[PDB]
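All remarks here apply to the structure that follows.
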Amino acid sequence: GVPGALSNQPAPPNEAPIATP
Amino acid sequence: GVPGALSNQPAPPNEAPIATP
Amino acid sequence: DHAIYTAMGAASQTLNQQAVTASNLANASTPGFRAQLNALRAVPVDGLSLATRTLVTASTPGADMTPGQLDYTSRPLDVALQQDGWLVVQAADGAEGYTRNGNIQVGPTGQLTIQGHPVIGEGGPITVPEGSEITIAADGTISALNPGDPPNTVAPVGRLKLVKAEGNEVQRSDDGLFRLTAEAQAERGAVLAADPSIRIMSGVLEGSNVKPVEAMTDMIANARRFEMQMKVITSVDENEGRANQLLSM
Amino acid sequence: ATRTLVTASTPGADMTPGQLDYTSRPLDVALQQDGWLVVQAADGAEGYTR
Amino acid sequence: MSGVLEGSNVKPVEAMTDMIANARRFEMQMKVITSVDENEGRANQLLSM
Amino acid sequence: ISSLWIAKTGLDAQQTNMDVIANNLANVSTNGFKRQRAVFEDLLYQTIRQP
Amino acid sequence: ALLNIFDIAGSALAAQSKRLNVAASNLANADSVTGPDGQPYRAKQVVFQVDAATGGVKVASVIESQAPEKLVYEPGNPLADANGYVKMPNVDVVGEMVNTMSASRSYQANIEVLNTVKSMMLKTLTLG
């Protein structure tokens, strides 16, 4: 939802792919 | 053992030799 | 707070690109050299909401295959390839490297070499007679003449192996010998075939291909980008330092 | 351990022979790659120079 | 051989690069020192109560 | 920093080339003198990450 | 519990101090060529972890970064290998110049947190 609010399940992992397969 | 805890054994002196004999 | 990290990463990658350009400039006279290209790639990070971070990592696609000029040294056994010629030599681990450095030396036992790497022609590592004069034809044939013998005793003794590579399928190696990529190797076979369409000439030696104007412009752009990133770092640090006072009571 | 102090050191000189002037003086000599003239120091012990 | 005299062997490029590197390193170390001093100048304020 | 070391190596290479050129020009009157030519070579390559 | 703030912020202070010391040591050894026994200097980093739900931050260990050494060519050196390539520290400069600032900012922020918590605890000490 809105940033800074509260939610039941955690955020997904963040990745920075150098090149998309 | 864990840093910041209390142990009755004083720590051995710290030395920084320039070259290993 | 994390906006400092993207700027510092940009500065570090700019420093790396400057190092690459300096390395290109340093060897501006090594015969048979290929310059190193450089570029910056954007690497966005996909989080949950409001994707506002896009980092940058320096990358080098590969060598540009524009041939440099060639100096006429009149040396009998100095060869210069064509637009896409490649002398095939044997590396230290037995792999077949490709070079454009035509400076061929002869050892005491008649063994040909290039910077210590034995050049392989039709067959194996070619070895000429002990102390004979060597002449290179216009297509790779090697003729030997034993000194003192009459001139009508000149005899072919071997033939070089010249391969043609487009340039977009070859990657540099650690030692400095170009080898085919995986896909091109699979498509054209493990070892290339000596095509007869390549012609060379003797008496000339090809130099390097580095553009001073490109080097200067790249250096100027790198310096300016580094300065801008440093200013951003300073601003972010100042803002965070003054914002932490809010935490007090 | 996190601290690693730094100290300077001089691992001797370098033996690369510098260039030379031609002064035409009959008694000026120059050594080879690894030559040394042997002189007597102030304390009596011998030393090597170029 | 006689008639020649050997000069010193000092590399101007090496000297210049070393001096530039030393200057930059000294400036960075001064930055670290002043940052540490300023950072530590407020733990006493913490202890003040 | 790596850039300074690389540029130092480049300057040294150019100085050596100038040295051999000056030596070639100096003894242009020596009998039976064979002119020299200096050939360089690039060093190894560091791969930060493979393709 | 409002007492746990003290040993949470103390843990944060200790961790940030260790990080700052590591960064300073790397900056000092950015150009050192050898150690006490010919081993090249290696950049070092700390490992942060939660005390444990959640709690303070503790430095798990100090590990040398696993990156190739920016080796340089000095053939006339005893430490040179068979090819004459001596090994140099793989330490950048921007990394430590930013680590010091980040560590100082976090240290100051935790100092402010401790000040505020101590003030409100002392205020609570005189209820009614």
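Residue names in the structure tokens use chain letters A, B, ... in the order shown, residue numbers from 1 in each chain, and ligand numbers from 1 in the order shown.
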Need to verify the contact set: segment 22-39 of chain F, 8 Å, only C-alpha atoms, exclusion of same-chain residues closer than 4 positions in sequence. Can you return it as a PyMOL selection string? (chain C and resi 30-31) or (chain F and resi 17-18)
Restricting it to N, CA, C and O atoms, dump the selection as a PDB file, in the first residue's frame.
ATOM      1  N   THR C  30      52.840  -0.375 -28.701  1.00  0.00           N
ATOM      2  CA  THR C  30      53.070  -1.810 -28.780  1.00  0.00           C
ATOM      3  C   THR C  30      52.517  -2.347 -30.093  1.00  0.00           C
ATOM      4  O   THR C  30      51.328  -2.166 -30.370  1.00  0.00           O
ATOM      5  N   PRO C  31      53.328  -3.005 -30.917  1.00  0.00           N
ATOM      6  CA  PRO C  31      52.835  -3.477 -32.215  1.00  0.00           C
ATOM      7  C   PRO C  31      51.729  -4.507 -32.052  1.00  0.00           C
ATOM      8  O   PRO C  31      51.746  -5.324 -31.130  1.00  0.00           O
TER       9      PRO C  31
ATOM     10  N   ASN F  17      62.011   4.378 -24.678  1.00  0.00           N
ATOM     11  CA  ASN F  17      62.020   4.522 -26.130  1.00  0.00           C
ATOM     12  C   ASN F  17      62.846   5.729 -26.551  1.00  0.00           C
ATOM     13  O   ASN F  17      63.648   5.651 -27.490  1.00  0.00           O
ATOM     14  N   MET F  18      62.675   6.856 -25.858  1.00  0.00           N
ATOM     15  CA  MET F  18      63.471   8.036 -26.177  1.00  0.00           C
ATOM     16  C   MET F  18      64.950   7.776 -25.934  1.00  0.00           C
ATOM     17  O   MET F  18      65.806   8.272 -26.672  1.00  0.00           O
TER      18      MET F  18
END
Compile the residues of chain B that lie within 12 Å of chain D, evaluated using only C-alpha atoms, and express the compilation as an mmCIF file with N, CA and C atoms, in the first residue's frame.
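Done, and the output landed in selection33.cif:
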data_model
loop_
_atom_site.group_PDB
_atom_site.id
_atom_site.type_symbol
_atom_site.label_atom_id
_atom_site.label_comp_id
_atom_site.auth_asym_id
_atom_site.auth_seq_id
_atom_site.Cartn_x
_atom_site.Cartn_y
_atom_site.Cartn_z
ATOM 1 N N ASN B 14 49.138 -6.764 24.315
ATOM 2 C CA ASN B 14 49.052 -6.690 22.863
ATOM 3 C C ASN B 14 50.377 -6.191 22.306
ATOM 4 N N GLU B 15 50.890 -6.881 21.291
ATOM 5 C CA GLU B 15 52.153 -6.522 20.668
ATOM 6 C C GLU B 15 51.998 -6.527 19.155
ATOM 7 N N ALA B 16 52.809 -5.708 18.490
ATOM 8 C CA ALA B 16 52.758 -5.557 17.035
ATOM 9 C C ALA B 16 54.165 -5.622 16.468
ATOM 10 N N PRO B 17 54.743 -6.817 16.379
ATOM 11 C CA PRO B 17 56.102 -6.934 15.841
ATOM 12 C C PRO B 17 56.154 -6.526 14.379
ATOM 13 N N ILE B 18 57.260 -5.886 13.997
ATOM 14 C CA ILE B 18 57.417 -5.437 12.618
ATOM 15 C C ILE B 18 57.629 -6.628 11.690
ATOM 16 N N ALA B 19 58.491 -7.559 12.088
ATOM 17 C CA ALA B 19 58.799 -8.725 11.276
ATOM 18 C C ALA B 19 58.883 -9.953 12.165
#
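We find atom CA of residue 40 of chain E and atom CA of residue 104 of chain G to be spaced 8.8 Å apart.
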Show me, as a PyMOL selection string, the residues that have an atom within 12 Å of residue 235 of chain C when counting only C-alpha atoms, minus same-chain residues fewer than 5 positions from it. chain C and resi 1+3-4+7+228-230+240-242
Could those selected residues go to a file with N, CA, C and O atoms, as a PDB file, in the first residue's frame?
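Writing the result to out_10.pdb gives the following:
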ATOM      1  N   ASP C   1      18.955   8.507   2.866  1.00  0.00           N
ATOM      2  CA  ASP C   1      20.295   8.194   3.345  1.00  0.00           C
ATOM      3  C   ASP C   1      21.032   7.322   2.342  1.00  0.00           C
ATOM      4  O   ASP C   1      22.228   7.489   2.127  1.00  0.00           O
ATOM      5  N   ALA C   3      20.834   7.390  -0.774  1.00  0.00           N
ATOM      6  CA  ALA C   3      21.186   8.090  -2.000  1.00  0.00           C
ATOM      7  C   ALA C   3      22.674   8.389  -2.087  1.00  0.00           C
ATOM      8  O   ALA C   3      23.157   8.762  -3.161  1.00  0.00           O
ATOM      9  N   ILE C   4      23.408   8.260  -0.983  1.00  0.00           N
ATOM     10  CA  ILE C   4      24.849   8.453  -1.030  1.00  0.00           C
ATOM     11  C   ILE C   4      25.526   7.279  -1.728  1.00  0.00           C
ATOM     12  O   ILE C   4      26.565   7.447  -2.385  1.00  0.00           O
ATOM     13  N   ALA C   7      25.662   7.438  -5.641  1.00  0.00           N
ATOM     14  CA  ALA C   7      26.644   8.420  -6.085  1.00  0.00           C
ATOM     15  C   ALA C   7      28.070   7.917  -5.886  1.00  0.00           C
ATOM     16  O   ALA C   7      28.922   8.085  -6.767  1.00  0.00           O
ATOM     17  N   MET C 228      30.770  16.091 -10.091  1.00  0.00           N
ATOM     18  CA  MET C 228      29.338  16.190  -9.804  1.00  0.00           C
ATOM     19  C   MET C 228      28.919  15.180  -8.740  1.00  0.00           C
ATOM     20  O   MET C 228      28.152  15.504  -7.819  1.00  0.00           O
ATOM     21  N   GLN C 229      29.415  13.946  -8.849  1.00  0.00           N
ATOM     22  CA  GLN C 229      29.074  12.935  -7.855  1.00  0.00           C
ATOM     23  C   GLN C 229      29.582  13.329  -6.475  1.00  0.00           C
ATOM     24  O   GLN C 229      28.894  13.116  -5.469  1.00  0.00           O
ATOM     25  N   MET C 230      30.782  13.907  -6.404  1.00  0.00           N
ATOM     26  CA  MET C 230      31.300  14.355  -5.116  1.00  0.00           C
ATOM     27  C   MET C 230      30.416  15.441  -4.513  1.00  0.00           C
ATOM     28  O   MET C 230      30.155  15.444  -3.300  1.00  0.00           O
ATOM     29  N   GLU C 240      21.656  14.852   5.856  1.00  0.00           N
ATOM     30  CA  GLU C 240      21.450  13.837   6.884  1.00  0.00           C
ATOM     31  C   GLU C 240      21.963  14.311   8.239  1.00  0.00           C
ATOM     32  O   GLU C 240      21.313  14.094   9.272  1.00  0.00           O
ATOM     33  N   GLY C 241      23.127  14.961   8.251  1.00  0.00           N
ATOM     34  CA  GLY C 241      23.685  15.436   9.506  1.00  0.00           C
ATOM     35  C   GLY C 241      22.811  16.476  10.175  1.00  0.00           C
ATOM     36  O   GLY C 241      22.655  16.475  11.397  1.00  0.00           O
ATOM     37  N   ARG C 242      22.236  17.384   9.387  1.00  0.00           N
ATOM     38  CA  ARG C 242      21.332  18.361   9.979  1.00  0.00           C
ATOM     39  C   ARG C 242      19.976  17.765  10.327  1.00  0.00           C
ATOM     40  O   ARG C 242      19.314  18.260  11.243  1.00  0.00           O
TER      41      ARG C 242
END
Output as JSON lines one row per residue of chain C within 7 Å of chain G: the closest atom pair and its distance in Å to one decimal place, counting only C-alpha atoms, sorted by chain and residue number ascending.
{"residue": "C:8", "atom": "CA", "partner": "G:94", "partner_atom": "CA", "distance": 6.4}
{"residue": "C:12", "atom": "CA", "partner": "G:94", "partner_atom": "CA", "distance": 6.5}
{"residue": "C:241", "atom": "CA", "partner": "G:105", "partner_atom": "CA", "distance": 6.5}
{"residue": "C:244", "atom": "CA", "partner": "G:109", "partner_atom": "CA", "distance": 6.0}
{"residue": "C:247", "atom": "CA", "partner": "G:112", "partner_atom": "CA", "distance": 6.3}
{"residue": "C:248", "atom": "CA", "partner": "G:112", "partner_atom": "CA", "distance": 5.5}
{"residue": "C:249", "atom": "CA", "partner": "G:116", "partner_atom": "CA", "distance": 5.6}
Within 6 Å of chain D, which residues of chain E come that close, and what is the closest atom pair and distance in Å for each? Count only C-alpha atoms and give it as a Markdown table.
| residue | atom | partner | partner_atom | distance |
| --- | --- | --- | --- | --- |
| E:1 | CA | D:29 | CA | 5.6 |
| E:2 | CA | D:29 | CA | 4.6 |
| E:3 | CA | D:24 | CA | 4.5 |
| E:4 | CA | D:22 | CA | 4.4 |
| E:5 | CA | D:20 | CA | 5.3 |
| E:6 | CA | D:20 | CA | 4.0 |
| E:7 | CA | D:20 | CA | 5.5 |
| E:8 | CA | D:18 | CA | 5.4 |
| E:9 | CA | D:18 | CA | 4.4 |
Need to verify the contact set: residue 3 of chain A, 12 Å, only C-alpha atoms, exclusion of same-chain residues closer than 2 positions in sequence. Can you return it as an MDAnalysis selection string? (chainID A and resid 1 5:7 11) or (chainID C and resid 48:51)
Any chance you could fit chain A onto chain B with least squares, all Cα atoms in order, and share the moved copy as a PDB file with N, CA, C and O atoms, in the first residue's frame?
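Written file, selection_0.pdb:
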ATOM      1  N   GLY A   1      35.488 -14.695  26.328  1.00  0.00           N
ATOM      2  CA  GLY A   1      34.135 -14.897  25.844  1.00  0.00           C
ATOM      3  C   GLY A   1      33.646 -13.774  24.950  1.00  0.00           C
ATOM      4  O   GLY A   1      34.402 -13.242  24.140  1.00  0.00           O
ATOM      5  N   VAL A   2      32.376 -13.421  25.095  1.00  0.00           N
ATOM      6  CA  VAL A   2      31.811 -12.331  24.291  1.00  0.00           C
ATOM      7  C   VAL A   2      32.464 -11.017  24.702  1.00  0.00           C
ATOM      8  O   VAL A   2      32.729 -10.810  25.899  1.00  0.00           O
ATOM      9  N   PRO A   3      32.770 -10.124  23.764  1.00  0.00           N
ATOM     10  CA  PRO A   3      33.325  -8.822  24.144  1.00  0.00           C
ATOM     11  C   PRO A   3      32.346  -8.035  25.001  1.00  0.00           C
ATOM     12  O   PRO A   3      31.130  -8.085  24.803  1.00  0.00           O
ATOM     13  N   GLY A   4      32.894  -7.299  25.964  1.00  0.00           N
ATOM     14  CA  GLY A   4      32.097  -6.515  26.878  1.00  0.00           C
ATOM     15  C   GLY A   4      31.641  -7.246  28.118  1.00  0.00           C
ATOM     16  O   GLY A   4      31.063  -6.616  29.012  1.00  0.00           O
ATOM     17  N   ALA A   5      31.876  -8.550  28.206  1.00  0.00           N
ATOM     18  CA  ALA A   5      31.510  -9.303  29.393  1.00  0.00           C
ATOM     19  C   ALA A   5      32.587  -9.141  30.459  1.00  0.00           C
ATOM     20  O   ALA A   5      33.554  -8.391  30.300  1.00  0.00           O
ATOM     21  N   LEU A   6      32.422  -9.855  31.567  1.00  0.00           N
ATOM     22  CA  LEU A   6      33.358  -9.798  32.677  1.00  0.00           C
ATOM     23  C   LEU A   6      34.075 -11.132  32.819  1.00  0.00           C
ATOM     24  O   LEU A   6      33.465 -12.195  32.678  1.00  0.00           O
ATOM     25  N   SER A   7      35.372 -11.074  33.170  1.00  0.00           N
ATOM     26  CA  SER A   7      36.236 -12.280  33.337  1.00  0.00           C
ATOM     27  C   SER A   7      37.230 -12.100  34.495  1.00  0.00           C
ATOM     28  O   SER A   7      37.707 -10.975  34.703  1.00  0.00           O
ATOM     29  N   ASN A   8      37.592 -13.207  35.154  1.00  0.00           N
ATOM     30  CA  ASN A   8      38.479 -13.244  36.353  1.00  0.00           C
ATOM     31  C   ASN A   8      39.922 -12.770  36.122  1.00  0.00           C
ATOM     32  O   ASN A   8      40.409 -12.017  36.979  1.00  0.00           O
ATOM     33  N   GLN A   9      40.584 -13.167  35.027  1.00  0.00           N
ATOM     34  CA  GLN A   9      42.017 -12.794  34.840  1.00  0.00           C
ATOM     35  C   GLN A   9      42.191 -11.826  33.668  1.00  0.00           C
ATOM     36  O   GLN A   9      41.505 -11.994  32.651  1.00  0.00           O
ATOM     37  N   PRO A  10      43.153 -10.881  33.756  1.00  0.00           N
ATOM     38  CA  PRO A  10      43.373  -9.858  32.725  1.00  0.00           C
ATOM     39  C   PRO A  10      43.771 -10.333  31.322  1.00  0.00           C
ATOM     40  O   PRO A  10      44.193 -11.457  31.174  1.00  0.00           O
ATOM     41  N   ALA A  11      43.626  -9.434  30.342  1.00  0.00           N
ATOM     42  CA  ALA A  11      43.979  -9.680  28.955  1.00  0.00           C
ATOM     43  C   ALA A  11      45.497  -9.772  28.788  1.00  0.00           C
ATOM     44  O   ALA A  11      46.250  -9.110  29.504  1.00  0.00           O
ATOM     45  N   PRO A  12      45.966 -10.591  27.853  1.00  0.00           N
ATOM     46  CA  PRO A  12      47.401 -10.686  27.597  1.00  0.00           C
ATOM     47  C   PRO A  12      47.918  -9.421  26.936  1.00  0.00           C
ATOM     48  O   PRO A  12      47.144  -8.674  26.319  1.00  0.00           O
ATOM     49  N   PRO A  13      49.216  -9.141  27.052  1.00  0.00           N
ATOM     50  CA  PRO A  13      49.772  -7.947  26.405  1.00  0.00           C
ATOM     51  C   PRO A  13      49.635  -8.008  24.892  1.00  0.00           C
ATOM     52  O   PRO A  13      49.659  -9.080  24.285  1.00  0.00           O
ATOM     53  N   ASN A  14      49.487  -6.834  24.286  1.00  0.00           N
ATOM     54  CA  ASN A  14      49.345  -6.701  22.842  1.00  0.00           C
ATOM     55  C   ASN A  14      50.659  -6.221  22.244  1.00  0.00           C
ATOM     56  O   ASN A  14      51.269  -5.276  22.754  1.00  0.00           O
ATOM     57  N   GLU A  15      51.093  -6.873  21.168  1.00  0.00           N
ATOM     58  CA  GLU A  15      52.352  -6.550  20.516  1.00  0.00           C
ATOM     59  C   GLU A  15      52.135  -6.403  19.018  1.00  0.00           C
ATOM     60  O   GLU A  15      51.236  -7.019  18.440  1.00  0.00           O
ATOM     61  N   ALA A  16      52.971  -5.578  18.394  1.00  0.00           N
ATOM     62  CA  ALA A  16      52.926  -5.337  16.953  1.00  0.00           C
ATOM     63  C   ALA A  16      54.316  -5.564  16.381  1.00  0.00           C
ATOM     64  O   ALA A  16      55.086  -4.612  16.196  1.00  0.00           O
ATOM     65  N   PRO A  17      54.676  -6.814  16.093  1.00  0.00           N
ATOM     66  CA  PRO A  17      56.020  -7.094  15.567  1.00  0.00           C
ATOM     67  C   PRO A  17      56.158  -6.606  14.133  1.00  0.00           C
ATOM     68  O   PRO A  17      55.312  -6.886  13.282  1.00  0.00           O
ATOM     69  N   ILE A  18      57.235  -5.865  13.870  1.00  0.00           N
ATOM     70  CA  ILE A  18      57.484  -5.377  12.516  1.00  0.00           C
ATOM     71  C   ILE A  18      57.828  -6.533  11.588  1.00  0.00           C
ATOM     72  O   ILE A  18      57.418  -6.553  10.422  1.00  0.00           O
ATOM     73  N   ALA A  19      58.588  -7.507  12.082  1.00  0.00           N
ATOM     74  CA  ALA A  19      58.929  -8.689  11.300  1.00  0.00           C
ATOM     75  C   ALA A  19      59.036  -9.881  12.236  1.00  0.00           C
ATOM     76  O   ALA A  19      59.708  -9.802  13.267  1.00  0.00           O
ATOM     77  N   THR A  20      58.381 -10.974  11.872  1.00  0.00           N
ATOM     78  CA  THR A  20      58.389 -12.161  12.718  1.00  0.00           C
ATOM     79  C   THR A  20      59.751 -12.841  12.650  1.00  0.00           C
ATOM     80  O   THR A  20      60.221 -13.167  11.554  1.00  0.00           O
ATOM     81  N   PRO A  21      60.416 -13.073  13.793  1.00  0.00           N
ATOM     82  CA  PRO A  21      61.727 -13.728  13.858  1.00  0.00           C
ATOM     83  C   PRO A  21      61.704 -15.144  13.293  1.00  0.00           C
ATOM     84  O   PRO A  21      60.740 -15.862  13.549  1.00  0.00           O
TER      85      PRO A  21
END
Could you work out which residues of chain F fall inside 9 Å of chain G? Count only C-alpha atoms, and format the result as a list in words. residues 1, 2, 5, 6, 9, 43, 46, 47 and 48 of chain F
Could you write those residues out with N, CA and C atoms, as a PDB file, in the first residue's frame?
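What ended up in out.pdb:
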ATOM      1  N   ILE F   1      46.686   4.248  -6.015  1.00  0.00           N
ATOM      2  CA  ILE F   1      45.604   4.067  -6.972  1.00  0.00           C
ATOM      3  C   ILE F   1      46.173   3.534  -8.286  1.00  0.00           C
ATOM      4  N   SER F   2      45.394   2.696  -8.974  1.00  0.00           N
ATOM      5  CA  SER F   2      45.907   1.973 -10.132  1.00  0.00           C
ATOM      6  C   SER F   2      46.246   2.899 -11.293  1.00  0.00           C
ATOM      7  N   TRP F   5      49.841   4.211 -11.143  1.00  0.00           N
ATOM      8  CA  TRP F   5      50.823   3.184 -11.473  1.00  0.00           C
ATOM      9  C   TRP F   5      50.853   2.915 -12.972  1.00  0.00           C
ATOM     10  N   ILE F   6      49.678   2.845 -13.600  1.00  0.00           N
ATOM     11  CA  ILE F   6      49.626   2.573 -15.034  1.00  0.00           C
ATOM     12  C   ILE F   6      50.274   3.706 -15.820  1.00  0.00           C
ATOM     13  N   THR F   9      54.010   3.552 -15.519  1.00  0.00           N
ATOM     14  CA  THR F   9      54.581   2.567 -16.431  1.00  0.00           C
ATOM     15  C   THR F   9      54.634   3.105 -17.854  1.00  0.00           C
ATOM     16  N   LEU F  43      50.957  -5.746 -20.208  1.00  0.00           N
ATOM     17  CA  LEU F  43      51.037  -6.639 -19.061  1.00  0.00           C
ATOM     18  C   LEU F  43      49.797  -7.531 -19.018  1.00  0.00           C
ATOM     19  N   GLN F  46      43.385  -7.970 -15.598  1.00  0.00           N
ATOM     20  CA  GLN F  46      42.563  -8.302 -14.445  1.00  0.00           C
ATOM     21  C   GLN F  46      41.098  -8.309 -14.857  1.00  0.00           C
ATOM     22  N   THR F  47      40.407  -9.402 -14.560  1.00  0.00           N
ATOM     23  CA  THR F  47      38.995  -9.559 -14.893  1.00  0.00           C
ATOM     24  C   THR F  47      38.183  -9.393 -13.616  1.00  0.00           C
ATOM     25  N   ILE F  48      37.517  -8.246 -13.482  1.00  0.00           N
ATOM     26  CA  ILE F  48      36.693  -8.009 -12.302  1.00  0.00           C
ATOM     27  C   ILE F  48      35.525  -8.987 -12.263  1.00  0.00           C
TER      28      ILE F  48
END
Mind giving me the straight-line distance from atom CA of residue 246 of chain C to atom CA of residue 54 of chain C in Å, one decimal?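 Between these atoms lies a distance of 29.0 Å.
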Would you give me, as JSON, numbers by chain, the residues in segment 194-249 of chain C that DSSP reads as alpha helix (DSSP H)? {"C": [212, 213, 214, 215, 216, 217, 218, 219, 220, 221, 222, 223, 224, 225, 226, 227, 228, 229, 230, 231, 232, 233, 234, 235, 236, 237, 238, 239, 240, 241, 242, 243]}
Step one, run DSSP on the backbone; step two, keep only residues of chain D assigned to strand (DSSP E or B); then write them as an NGL selection string. :D and (20-22 or 29 or 37-40 or 46-49)
For the selection you just gave me, I'd like the residues written to a file as an mmCIF file, in the first residue's frame, keeping N, CA and C atoms.
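Wrote part05.cif, looks like this:
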data_model
loop_
_atom_site.group_PDB
_atom_site.id
_atom_site.type_symbol
_atom_site.label_atom_id
_atom_site.label_comp_id
_atom_site.auth_asym_id
_atom_site.auth_seq_id
_atom_site.Cartn_x
_atom_site.Cartn_y
_atom_site.Cartn_z
ATOM 1 N N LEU D 20 76.179 8.814 -17.917
ATOM 2 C CA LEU D 20 77.517 9.301 -17.621
ATOM 3 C C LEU D 20 77.902 10.431 -18.564
ATOM 4 N N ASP D 21 78.623 11.404 -18.024
ATOM 5 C CA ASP D 21 79.224 12.481 -18.790
ATOM 6 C C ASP D 21 80.573 12.043 -19.344
ATOM 7 N N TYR D 22 80.954 12.647 -20.463
ATOM 8 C CA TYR D 22 82.284 12.478 -21.039
ATOM 9 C C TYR D 22 83.059 13.763 -20.766
ATOM 10 N N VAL D 29 86.966 7.549 -13.996
ATOM 11 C CA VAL D 29 86.597 6.188 -14.354
ATOM 12 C C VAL D 29 85.126 5.958 -14.045
ATOM 13 N N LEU D 37 84.463 0.421 -6.738
ATOM 14 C CA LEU D 37 85.784 0.802 -6.271
ATOM 15 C C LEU D 37 85.837 0.666 -4.758
ATOM 16 N N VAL D 38 86.953 0.158 -4.251
ATOM 17 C CA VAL D 38 87.114 -0.098 -2.826
ATOM 18 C C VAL D 38 87.982 1.001 -2.236
ATOM 19 N N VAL D 39 87.433 1.731 -1.266
ATOM 20 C CA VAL D 39 88.141 2.804 -0.585
ATOM 21 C C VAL D 39 88.205 2.473 0.899
ATOM 22 N N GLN D 40 88.983 3.264 1.630
ATOM 23 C CA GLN D 40 89.153 3.093 3.066
ATOM 24 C C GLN D 40 88.373 4.184 3.786
ATOM 25 N N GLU D 46 86.918 -0.946 5.278
ATOM 26 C CA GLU D 46 86.808 -0.713 3.848
ATOM 27 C C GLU D 46 85.357 -0.486 3.444
ATOM 28 N N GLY D 47 85.179 0.249 2.350
ATOM 29 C CA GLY D 47 83.861 0.493 1.810
ATOM 30 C C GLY D 47 83.903 0.464 0.297
ATOM 31 N N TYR D 48 82.720 0.366 -0.296
ATOM 32 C CA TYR D 48 82.568 0.254 -1.737
ATOM 33 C C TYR D 48 81.783 1.445 -2.256
ATOM 34 N N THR D 49 82.238 2.007 -3.372
ATOM 35 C CA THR D 49 81.598 3.175 -3.954
ATOM 36 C C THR D 49 81.687 3.085 -5.470
#
Could you check how far atom CA of residue 33 of chain C sits from atom CA of residue 208 of chain C, in Å to one decimal?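 Separation between atom CA of residue 33 of chain C and atom CA of residue 208 of chain C: 4.6 Å.
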Residue 47 of chain G environment, 12 Å, only C-alpha atoms, sequence neighbours closer than 3 positions dropped, as a short mmCIF file (atom, residue, chain, number, x, y, z; two decimals) with N, CA and C atoms, in the first residue's frame:
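This is the output file part.cif:
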data_model
loop_
_atom_site.label_atom_id
_atom_site.label_comp_id
_atom_site.auth_asym_id
_atom_site.auth_seq_id
_atom_site.Cartn_x
_atom_site.Cartn_y
_atom_site.Cartn_z
N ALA G 15 29.54 -1.23 17.51
CA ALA G 15 29.61 -1.70 16.13
C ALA G 15 30.07 -0.59 15.19
N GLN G 16 29.54 0.62 15.37
CA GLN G 16 29.95 1.72 14.51
C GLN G 16 31.41 2.10 14.75
N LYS G 18 33.80 0.01 15.65
CA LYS G 18 34.59 -1.01 14.97
C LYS G 18 34.62 -0.77 13.47
N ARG G 19 33.47 -0.41 12.89
CA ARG G 19 33.42 -0.14 11.46
C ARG G 19 34.31 1.05 11.09
N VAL G 22 37.95 0.00 11.21
CA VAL G 22 38.30 -0.80 10.05
C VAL G 22 38.52 0.09 8.83
N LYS G 44 39.83 -5.26 4.84
CA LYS G 44 39.03 -6.00 5.79
C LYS G 44 37.67 -5.34 5.97
N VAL G 50 22.09 -9.22 14.19
CA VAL G 50 21.14 -8.84 15.23
C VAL G 50 21.36 -9.73 16.45
N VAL G 57 22.81 -4.46 17.47
CA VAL G 57 23.68 -4.92 16.40
C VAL G 57 25.03 -5.30 17.00
N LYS G 58 25.50 -6.49 16.67
CA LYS G 58 26.79 -6.99 17.13
C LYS G 58 27.66 -7.32 15.93
N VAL G 59 28.96 -7.06 16.06
CA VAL G 59 29.92 -7.38 15.01
C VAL G 59 30.26 -8.86 15.13
N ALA G 60 29.80 -9.66 14.18
CA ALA G 60 30.02 -11.10 14.24
C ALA G 60 31.51 -11.42 14.14
N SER G 61 32.19 -10.84 13.16
CA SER G 61 33.61 -11.12 12.93
C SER G 61 34.16 -10.08 11.97
N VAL G 62 35.47 -10.18 11.73
CA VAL G 62 36.17 -9.34 10.76
C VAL G 62 36.80 -10.26 9.73
N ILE G 63 36.48 -10.02 8.46
CA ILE G 63 36.89 -10.90 7.37
C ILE G 63 37.59 -10.08 6.30
N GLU G 64 38.64 -10.64 5.72
CA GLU G 64 39.31 -10.00 4.60
C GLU G 64 38.50 -10.22 3.33
N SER G 65 38.27 -9.14 2.59
CA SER G 65 37.46 -9.21 1.38
C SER G 65 38.13 -10.12 0.35
#
Write out as a list in words every residue belonging to chain F that has an atom at most 6 Å from any atom of chain C, counting only C-alpha atoms.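 Applying the cut-off to the listed atoms yields residues 3, 10, 40, 41, 44 and 45 of chain F.
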Give me a file of those residues, with N, CA, C and O atoms, as a short mmCIF file (atom, residue, chain, number, x, y, z; two decimals), in the first residue's frame.
data_model
loop_
_atom_site.label_atom_id
_atom_site.label_comp_id
_atom_site.auth_asym_id
_atom_site.auth_seq_id
_atom_site.Cartn_x
_atom_site.Cartn_y
_atom_site.Cartn_z
N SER F 3 45.50 4.00 -11.45
CA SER F 3 45.73 4.88 -12.58
C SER F 3 47.13 5.48 -12.55
O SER F 3 47.80 5.57 -13.59
N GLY F 10 53.58 3.79 -18.29
CA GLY F 10 53.58 4.36 -19.63
C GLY F 10 54.67 5.40 -19.82
O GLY F 10 55.36 5.41 -20.85
N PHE F 40 57.80 -3.19 -27.09
CA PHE F 40 57.15 -3.27 -25.80
C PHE F 40 56.14 -4.42 -25.79
O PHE F 40 56.02 -5.19 -26.74
N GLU F 41 55.42 -4.53 -24.68
CA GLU F 41 54.40 -5.55 -24.52
C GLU F 41 53.48 -5.15 -23.37
O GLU F 41 53.96 -4.67 -22.33
N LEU F 44 49.61 -8.23 -17.90
CA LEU F 44 48.45 -9.10 -17.74
C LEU F 44 47.17 -8.28 -17.68
O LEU F 44 47.17 -7.05 -17.69
N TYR F 45 46.05 -8.99 -17.62
CA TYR F 45 44.73 -8.38 -17.56
C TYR F 45 43.97 -8.89 -16.35
O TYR F 45 43.92 -10.10 -16.10
#
